[PDB]
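**Student:** Before I ask anything, here's the sequence and the deposited coordinates:
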Amino acid sequence: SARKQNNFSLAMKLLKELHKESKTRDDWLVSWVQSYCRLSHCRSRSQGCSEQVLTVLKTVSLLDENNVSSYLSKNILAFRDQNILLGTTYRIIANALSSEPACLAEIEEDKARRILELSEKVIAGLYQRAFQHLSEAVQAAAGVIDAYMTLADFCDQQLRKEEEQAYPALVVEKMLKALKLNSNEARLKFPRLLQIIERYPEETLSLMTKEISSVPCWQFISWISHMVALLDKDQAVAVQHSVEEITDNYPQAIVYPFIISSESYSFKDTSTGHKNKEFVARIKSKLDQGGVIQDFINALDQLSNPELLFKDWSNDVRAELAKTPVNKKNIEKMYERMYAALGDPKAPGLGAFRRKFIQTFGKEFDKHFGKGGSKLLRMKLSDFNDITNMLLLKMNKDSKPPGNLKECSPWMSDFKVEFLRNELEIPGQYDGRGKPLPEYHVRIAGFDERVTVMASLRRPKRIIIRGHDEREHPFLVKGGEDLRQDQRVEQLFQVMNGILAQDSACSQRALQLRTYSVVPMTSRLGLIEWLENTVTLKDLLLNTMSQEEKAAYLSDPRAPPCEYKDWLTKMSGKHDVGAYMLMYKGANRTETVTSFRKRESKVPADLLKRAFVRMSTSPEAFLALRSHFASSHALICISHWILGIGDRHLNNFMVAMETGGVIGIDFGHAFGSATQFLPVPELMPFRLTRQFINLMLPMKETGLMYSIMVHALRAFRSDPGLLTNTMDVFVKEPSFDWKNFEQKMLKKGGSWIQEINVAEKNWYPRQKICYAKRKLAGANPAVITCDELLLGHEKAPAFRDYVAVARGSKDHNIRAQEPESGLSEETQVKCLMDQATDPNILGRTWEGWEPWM
């Protein structure tokens with residue numbers, strides 16, 4: 001327990017006094033020495049390179065002492081554990097030696113000759129010794145999976161070194177055998193096998209096809225979206241039986257991934273290309289056999305507004321016809337896909353699903369298609385696509401609020417619970433991690449009549465659909481948005497808080513990210529759970545202000561917004577977006593900080609404190625509200641900095657007014673992209689402004705937001721691997737690229753209007769992982785931000801000014817006083833906080849980010 005809780009030197013103090021009473025009787029000295037080895041490894045984990053060896057040669061001197069002539073001689077359990085321990089010690093020494101330039105030979109010659117038993121030659125010998133010891137261990141529930149996983153990750157990290165042998169033949173089988181019983185760590189490490197297969201198509205293919213059949217089926221649902229997209233391309237024979245039997249056993253965790261993968265499909269003209277076509281046809285035929293999932297998706301499609309759908313269509317055509325002058329036989333097929341459920345006034349029939357508004361849309365916009373069908377369908381010339389925006393204006397002028405009745409979708413409204421029909425099985429379940437029980441999963445037995453529309457620049461609708469469990473499950477249907485990235489970041493947060501719940505430092509504080517289920521049934525149509533009793537942070541700040549204060553904030557051009565705009569346009573001379581380009585060089589640190597402080601001194605300081613004290617009615621529960629708010633916000637801030645998540649404006653943050661916890665949404669920039677592909681880069685690692693500092697104003701910010709961030713960062717960086725492997729899987733996913741990045745950017749407006757072609761090479765889906773590993777293994781956040789600016793804002797005339805303002809001044813801004821790498825957790829988080837609260841950075845950020853509040 002002491003070793004588990006990181007409370008070191010207490011296990012040492014007790015083991016020193018327990019050493020004598022361990023060799024008098026057998027079957028105890030082996031356990032004593034193995035615990036000593038585990039303690040030494042754990043202590044060496046959190047130490048420097050020079051001291052890492054000095055604390056592991058001592059144990060190996062003691063571990064080799066008290067030799068095999070004991071209970072260890074033959075019970076093939078102590079032997080296996082000891083082999084694992086020797087392998088771990090040797091690999092630790094090898095990693096410590098190799099990480100440095102091998103200039104660690106400043107220790108006394110005694111240790112030099114002690115480690116010289118078996119330059120690069122000794123390193124290779126140590127690696128070989130570790131490999132042999134691990135092989136000996138694996139040659140022999142719990143206690144056996146450990147050796148399998150140890151050898152597997154050893155081989156994986158050895159192979160990863162070559163990216164910048166017989167290991168692939170080993171690791172695949174050695175980890176599939178472990179996963180066969182139960183292994184969540186290998187479950188999260190599964191797509192590394194896919195990367196191995198892509199790297200070594202000539203080996204282990206038949207090995208997997210023979211081995212993957214033995215594994216239980218339900219351990220694959222958590223990664224089914226990778227396999228379904230995999231079988232589209234080559235190497236589909238690697239795993240095809242598992243998909244077939246999983247769509248046989250559980251034909252509900254496959255339908256949506258299959259639909260999204262089959263929306264964009266590919267094949268080959270060879271025998272292999274001709275192969276798997278019958279397979280995918282058979283899978284699609286055995287699925288949707290009742291034709292009810294497609295009916296549900298079509299019914300939900302009518303719920304989405306048509307105005308923003310046509311806006312997305314206009315963006316798509318104005319991008320394709322412009323950037324692809326030689327595009328052929330694409331505009332007509334997209335024209336019919338758009339006609340499928342939106343175009344014709346005579347939709348009744350195949351179109352169907354009367355809405356009284358889409359049919360009203362089939363009453364004014366209908367047959368306004370001369371321009372359209374009569375010309376672009378025949379000559380197919382681009383002509384001018386900007387002569388269609390007044391059409392959108394015309395349909396927007398009649399943007400009546402729908403949803404007064406559910407009769408806007410007849411299938412939705414009269415969805416009686418019909419008898420045996422291959423029932424719907426409401427999306428969101430099938431999370432993996434255990435035996436699924438589809439008989440216990442809830443199913444929808446009726447949709448609520450009342451439907452309300454939110455306000456998020458897309459106007460998503462809220463449905464209050466019921467369930468067969470006699471419960472009411474609210475949901476928020478999102479139309480026209482690809483939710484695959486949201487699913488990926490939610491899985492990332494799941495593994496993140498799983499890591500967070502595996503250390504006494506963070507588990508004692510009950511540190512846990514709050515996640516909401518996200519499930520996209522198809523492209524441009526997904527469901528995100530609508531959490532109950534939550535208030536957006538911006539609304540919580542606004543509504544708690546006095547009426548006069550709110551009026552003076554939204555008007556009276558002395559308020560921070562208009563004053564900031566006037567300051568920018570006066571310092572730069574431009575009244576348009578992008579004036580920051582010349583505004584950055586237009587001021588020094590002193591003028592910027594003085595102006596920022598003057599502008600920030602307008603909004604009330606204790607607005608958050610007033611909001612928290614206005615819904616407590618007790619000095620005894622207000623403290624327990626503020627504490628929870630601060631703790632959760634700090635945790636999500638450090639977690640967001642671990643990834644590249646940016647664009648943390650007020651509307652994204654939601655605070656659960658019931659209990660004070662904070663949640664984040666709208667992960668539109670999964671990895672570092674808020675500081676690269678924008679007119680104005682976001683230089684703050686996270687959000688920490690005056691309303692967060694003054695929430696505990698009589699008590700400096702280094703009190704509660706500091707220890708929480710330190711503990712979370714230590715928990716993340718002390719156990720790399722699972723998190724790093726998951727991020728590497730996500731970045732290399734082929735649905736995450738600049739084919740949908742620009743799509744979701746044009747889904748919004750104003751920020752990063754997409755007109756570029758050379759930058760498509762500037763995506764670099766290989767440096768994101770390098771930067772994440774650097775900032776996770778210890779790196780100055782200023783250095784990381786400067787590197788991101790260098791990558792994304794190359795040959796920019798203001799790039800030098802950007803790096804200068806993101807670096808520091810050596811008189812303040814502690815974030816530039818430390819080595820560029822090898823930082824400790826406390827110093828790293830201090831640099832994070834200083835960058836977040838630097839007035840210079842906040843004073844020259846995007847206006848919409850609202851830096852003042």
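**Tutor:** Perfect, thanks for sending it. Residues are numbered from 1 along each chain as shown.
**Student:** pretty sure residue 261 contacts residue 228?
**Tutor:** Yes: the pair residue 261 and residue 228 passes the contact test of C-beta atoms under 8 Å, sitting 4.3 Å apart. C-betas here are computed from N, CA, C, even on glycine.
**Student:** list the buried ones in the host helix or strand of residue 179?
**Tutor:** Using DSSP states H and E, residue 179 sits in helix 167-181. Neighbour-count burial for helix 167-181, counted by 16 or more other C-beta atoms under 10 Å, picks out 167-168, 170-180.
**Student:** Could you do stretch 447-460 as well?
**Tutor:** Buried residues in stretch 447-460 (16+ other C-beta under 10 Å): 447, 448, 451, 458, 459, 460.
**Student:** Dump those to JSON lines, plus secondary structure.
**Tutor:** Formatted as JSON lines, these follow (DSSP: H, G, I helix; E, B strand; the rest coil):
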{"residue": "447", "secondary structure": "coil"}
{"residue": "448", "secondary structure": "coil"}
{"residue": "451", "secondary structure": "coil"}
{"residue": "458", "secondary structure": "coil"}
{"residue": "459", "secondary structure": "coil"}
{"residue": "460", "secondary structure": "coil"}
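**Student:** closest to residue 649 among those residues?
**Tutor:** Distance to residue 649, by C-beta to C-beta, is smallest for residue 458 among those, at 16.0 Å.
**Student:** wait, the closest one sits on residue 476?
**Tutor:** No: using C-beta under 8 Å, residue 458 makes no contact with residue 476, being 10.6 Å away.
**Student:** shared neighbours of these two, which are they?
**Tutor:** Residues touching both residue 458 and residue 476 (C-beta atoms under 8 Å, 6 or more residues apart in numbering): none.
**Student:** hang on, the earlier thing: list the contacts of the helix holding residue 179.
**Tutor:** Residues contacting helix 167-181 (C-beta under 8 Å, 6+ apart): 138, 141, 145, 148-149, 151-152, 155-156, 158-159, 183, 186-187, 189-190, 193, 196, 199-200, 203-204, 207-208, 211-212, 214-216, 219.
**Student:** Just the buried ones from those?
**Tutor:** Buried among those (16+ other C-beta under 10 Å): 138, 145, 148-149, 151-152, 155-156, 158-159, 183, 186-187, 189-190, 193, 196, 200, 204, 208, 211-212, 215, 219.
**Student:** List the ones among the residues you listed that fall in helices.
**Tutor:** 138, 145, 148-149, 151-152, 155-156, 158-159, 186-187, 193, 196, 208, 211 (DSSP state H).
**Student:** Run through the residues that contact the residue nearest to residue 559 when sequence neighbours are not counted.
**Tutor:** Of all residues not flanking residue 559 in the chain, residue 553 sits nearest, at 5.0 Å (C-beta to C-beta, 6 or more residues apart in numbering). Residues near residue 553 by C-beta under 8 Å, 6+ apart: 542, 545, 559, 560, 561, 603.
**Student:** Just the ones of these in helices?
**Tutor:** 542, 560, 561.
**Student:** Please tabulate the residues you listed in TSV, including the columns neighbour count and distance to residue 609.
**Tutor:** Conversion of the ones in helices among the contacts of residue 553 to TSV gives the following (neighbours: other C-beta atoms under 10 Å; distance: C-beta to C-beta, whole Å):
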residue	neighbour count	distance to residue 609
542	17	16
560	20	19
561	16	22
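**Student:** Dihedrals phi and psi, the residue nearest the centre of the chain?
**Tutor:** In the chain, the centroid-proximal residue (C-alpha atoms, centre = their mean) is residue 489; its distance is 2.6 Å. Here is the backbone geometry of residue 489 (degrees, to the nearest 10): phi -70, psi -30.
**Student:** Tell me how many other residues surround the nearest residue to it once chain neighbours are set aside.
**Tutor:** Of all residues beyond its chain neighbours, the one nearest residue 489 is residue 667 (4.3 Å), with distances taken as C-beta to C-beta, 6+ apart. If you count neighbours by other C-beta atoms under 10 Å, residue 667 ends up with 21.
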